[PDB]
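Read the structure below first, then the notes.
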Amino acid sequence: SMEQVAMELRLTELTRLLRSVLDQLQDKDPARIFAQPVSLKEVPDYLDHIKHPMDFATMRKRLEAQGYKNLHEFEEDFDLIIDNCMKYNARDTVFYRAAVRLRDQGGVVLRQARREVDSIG
Ligand code: NA
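Taking the numbering used here, I'd label the letters of the sequence shown as residues 2 to 122.
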């Protein structure tokens, strides 16, 4: 149906916007602390601590399968990246501090992204 096609065109346009949002968020992590999943080879106990791991590559795989239906879903995953890090790592570490910085800087990007997704519908 044409109704189905139009919904698919909306999903595709959301995906295009979320890709640009994701590039912008990832530029706020120049050290690439959040680029890849935490390795279970190098933190074997990780899954005893963190129930829902997340990272930018896993977000990008989901994005390219057009697996985000709205901004809320994408934000949930971004927040997991930050929130997992701040729980596993202590306040005085380079990791926790990189999470704080990504959060603060990412908040700006997401503030306007929420306006653009509303605005363009
Ligand atoms: Na902690």
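All C-beta atoms in this analysis are idealised placements derived from N, C-alpha and C, irrespective of residue type, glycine included.
Cβ pair residue i, residue j closer than 8 Å
i: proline 38; j: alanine 58; result: yes
i: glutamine 106; j: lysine 29; result: yes
i: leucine 64; j: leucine 23; result: yes
i: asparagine 85; j: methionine 60; result: no
i: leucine 103; j: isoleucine 121; result: no
Whole-number beta carbon distance between residue j and residue i, since they are thought to touch under 8 Å
i: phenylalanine 96; j: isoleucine 51; result: No, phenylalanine 96 and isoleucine 51 are not in contact; Cβ-Cβ is about 13 Å, not under 8 Å.
i: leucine 15; j: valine 110; result: Between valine 110 and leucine 15 the Cβ distance is about 16 Å, and since that is not below 8 Å, they are no contact.
Cβ shell of residue i (< 6 Å), same chain only, five flanking positions each side left out
i: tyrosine 69; result: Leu19 and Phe75
i: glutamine 67; result: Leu12 and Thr16
Residues near residue i in its chain [Cβ-Cβ closer than 8 Å; skip 5 each side]
i: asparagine 90; result: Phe96, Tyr97 and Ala100
Cut-off 7 Å between Cβ atoms - residues of its own chain near residue i, not counting five sequence neighbours on either side
i: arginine 115; result: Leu72
i: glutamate 117; result: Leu18
*Just list the alpha helix (DSSP H) runs in the segment 60–102, keeping only unbroken ones of 4 residues or longer that don't cross its boundaries, in chain order.*
Counting only runs of 4+ residues, the alpha helix (DSSP H) found wholly inside the segment 60–102 occupies 72–89, in chain order.
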